[PDB]
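Here's a solo chain for you in structure tokens, the form deposited in one PDB entry.
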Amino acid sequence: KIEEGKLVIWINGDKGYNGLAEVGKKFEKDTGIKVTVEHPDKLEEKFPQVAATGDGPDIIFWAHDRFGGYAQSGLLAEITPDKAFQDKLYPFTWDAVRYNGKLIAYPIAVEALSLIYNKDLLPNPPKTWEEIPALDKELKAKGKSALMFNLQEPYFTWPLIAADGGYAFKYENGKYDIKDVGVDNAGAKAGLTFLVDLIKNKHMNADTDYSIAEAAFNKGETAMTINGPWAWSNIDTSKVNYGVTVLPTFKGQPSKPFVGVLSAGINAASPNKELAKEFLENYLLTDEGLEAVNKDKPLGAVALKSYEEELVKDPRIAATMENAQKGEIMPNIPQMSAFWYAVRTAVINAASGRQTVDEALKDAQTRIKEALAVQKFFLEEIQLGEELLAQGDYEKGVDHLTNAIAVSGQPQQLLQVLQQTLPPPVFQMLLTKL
């Protein structure tokens, strides 16, 4: 069951994973259960691949938006906290991790992007995106720049795209309408057009990523960046005199960050589920466990009420909640992964000049719709095939299964499984339809 009596933990490399290891060390000394904290690249994409074969980590930390996909694939254990435990965390944080009637993770912290600014270069931060070009020109004559932030992940560019009306999936009357995608509307195009104009007018570079922007801010070379609470401890070390504030408006509208609840899920494949539960409830989600993580890299506004009451007068936390309140909670629905992959490509293509903004966003909308149409078709044709076979209509069953095969990511493995599931002459019939 890879493995044994230890916990492997995956968490992103921008989080306080060393502080999480200290909590793990403590758990190991009270318990004999060794804890290993890892931060693989692209873990949020790795996990479903590896968990679907029955391995990967015992525990996975990510923002709640990925977890309904993982859950709908059966990759996550149900969590079952007792009454007392439930009451210790904020209800709305539990809502971010409730999927099809079950809790599928523990909430840890509420994350939103803020504007971070260097008070020695910009004692008053801009109110508006539209003020940035002029500040940048002024700062350029002094050998500095106004703003650098990660352009390679769409999470960072979302606040601006969404400001004037962009959205992912329409939410209305208690559900998402996955047919109603907001990536390609005029508000989304205005925001992304403003971003591309910043680049064209040399106020930003299309290839800036997390590290380039972090270095430039932490060394005093750019007056502003856009980042989450996790970034604050490196800025503390750098000695920059910084503030954390409300993101600027665009066309008189607030920037609208996507809000994430950092969450800890348990792999359905783990043979260590009770131990993971013990670690999360009795070690991590306590004032001291969160403090150990937070002092390594800040979590933001935490889901544990008792620790969060310690945090509320930190102006950086006030700015985080203010931005979060102008923003929107990410959906946790399985279709979010198609959304992010389409949007990432669009923003990169537009920023680098490989596509126009109009074209980049149209193709994004198209690619979301197609990916979801193909998924629905695969699943329906699988089901239809199985239902026909179970009623004895062998050829029509096989025909549907062949439709499923033609669109599958793994047609050879599907062929292998079907050789084991079908009577040999029904398998022979299937081979003639390939």
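The term rigid core refers to the maximal set of C-alpha atoms that superpose within 1.5 Å between the two forms. Note that residue numbering begins at 1 and tracks the sequence as displayed.
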Looking at the deposited entry, does 368 to 376 or 63 to 71 carry the larger mean Cα B-factor? 368 to 376
Could you check the entry and say whether 54 to 62 or 377 to 385 has the higher mean CA B-factor? 377 to 385
Between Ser114, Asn267, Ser263, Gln86, which one tops the list for C-alpha B-factor in the PDB entry? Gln86
Of the choices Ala162, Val259, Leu311, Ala346, which one's C-alpha carries the largest B-factor in the record? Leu311
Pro81 CA temperature factor, ranked by third within the chain: highest
Would you mind checking where the Cα B-factor of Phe217 ranks among the modelled residues of its chain, as the lowest, middle or highest third? middle
Where does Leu7 sit by CA temperature factor within its chain: lowest, middle or highest third? lowest
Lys144: C-alpha B-factor third of its chain, per the entry, is the middle
Which third of the chain does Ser352 land in by C-alpha B-factor: lowest, middle or highest? highest
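The protein also exists as the form deposited in another entry; that form is not presented, and the subsequent description refers to it.
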Using the rigid core as the reference frame, would you say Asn267 shifts its C-alpha by 2 Å or more between the shown form and the other one? yes
Take the rigid core as the frame of reference and indicate whether the C-alpha of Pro298 shifts by 2 Å or more between the shown form and the other one. yes
Given a CA distance change of at least 3 Å, are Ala324 and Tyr90 closer or farther in the other form? closer
What happens to the Cα distance from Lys219 to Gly16 in the other form: does it get closer or farther than here, with a change of 3 angstroms or more? farther
